[PDB]
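Asker: experimental structure and its sequence below.
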Amino acid sequence: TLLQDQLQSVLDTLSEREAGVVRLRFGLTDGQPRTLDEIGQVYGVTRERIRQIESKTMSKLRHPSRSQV
Amino acid sequence: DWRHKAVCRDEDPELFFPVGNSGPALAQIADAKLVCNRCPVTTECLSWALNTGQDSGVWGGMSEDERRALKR
Ligand code: SF4
């Protein structure tokens, strides 16, 4: 899907830790989203840091430059 | 739908997401804004970014810090 391709493109712009956070959050890698707590344990990040990673990633995904109209 | 007329569709998407690296990316923000300035749906883009709360990136000819200062 075009969503898939754009999602991987966006993930490539992130640091390794940020991309891992996003993949665990949305369950992109193995199909299981993880709770904020487990993501924090795995990557040593705060709930707030996860939220800002997710906000930036969503902004990149929804930006009209990448839009699937 | 205004997104059909977005001219950033023909640009590197990362242009619209400058990373501050020990300081404001004034040049990259300007380069993105130059695209927005030749865009026919700039008011629509900005309106959508503000109404949906897009906190990161350059939308509608405004940087993220500028939009953030607009909403308290
Ligand atoms: S105003 Fe800028 S970000 Fe919005 S669609 Fe036009 S070129 Fe893209």
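Answerer: Thanks, I have the structure now. Numbering: from 1, shown residues only, chains lettered A, B, ... in the order given.
Asker: point me to the residue of chain A nearest the ligand.
Answerer: As assessed by CB to the nearest ligand atom, the ligand sits closest to residue A:64 within chain A, at 3.9 Å. Bear in mind the C-beta positions are built from the backbone N, C-alpha and C, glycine included.
Asker: and the nearest residue to that residue once chain neighbours are set aside, its phi and psi?
Answerer: In space, and not counting its chain neighbours, residue A:64 is closest to residue B:6: 3.7 Å by CB to CB, 6 or more residues apart in numbering or on different chains. Residue B:6 adopts backbone torsions of phi -70, psi 120, taken as degrees, to the nearest 10.
Asker: residue A:68 versus residue B:7, what's the distance?
Answerer: Look at residue B:7 and residue A:68: by CB to CB, to the nearest Å, they are 17 Å apart.
Asker: over to residue B:42?
Answerer: For residue B:42, the distance to residue A:68 equals 21 Å [CB to CB].
Asker: same check on residue B:37?
Answerer: For residue B:37, the distance to residue A:68 (CB to CB) stands at 25 Å.
Asker: residue 17: what's it in contact with?
Answerer: This is for chain A. By CB atoms under 8 Å, 6 or more residues apart in numbering or on different chains, the contact set of residue A:17 is A:43, A:45.
Asker: think we crossed wires, I meant chain B
Answerer: A:13, A:56, A:59, A:60, A:63, B:56, B:57, B:58.
Asker: give me phi/psi at the third one?
Answerer: What that stands for is residue A:59. phi -60, psi -40.
Asker: so it touches residue B:58, yeah?
Answerer: No: the criterion here is CB atoms under 8 Å, and residue A:59 misses it with residue B:58 at 10.3 Å.
Asker: what about the helices in chain B?
Answerer: B:26-37, B:42-52, B:64-70 (DSSP state H).
Asker: before we move on, the earlier item: neighbour count winner among residue B:42 and residue A:68?
Answerer: Neighbour count, other CB atoms under 10 Å in any protein chain shown: between residue B:42 and residue A:68, residue B:42 has more, with 20 against 10.
Asker: is it correct that that one is in contact with residue B:58?
Answerer: No: using CB under 8 Å as the test, residue B:42 is too far from residue B:58 to be in contact (11.1 Å).
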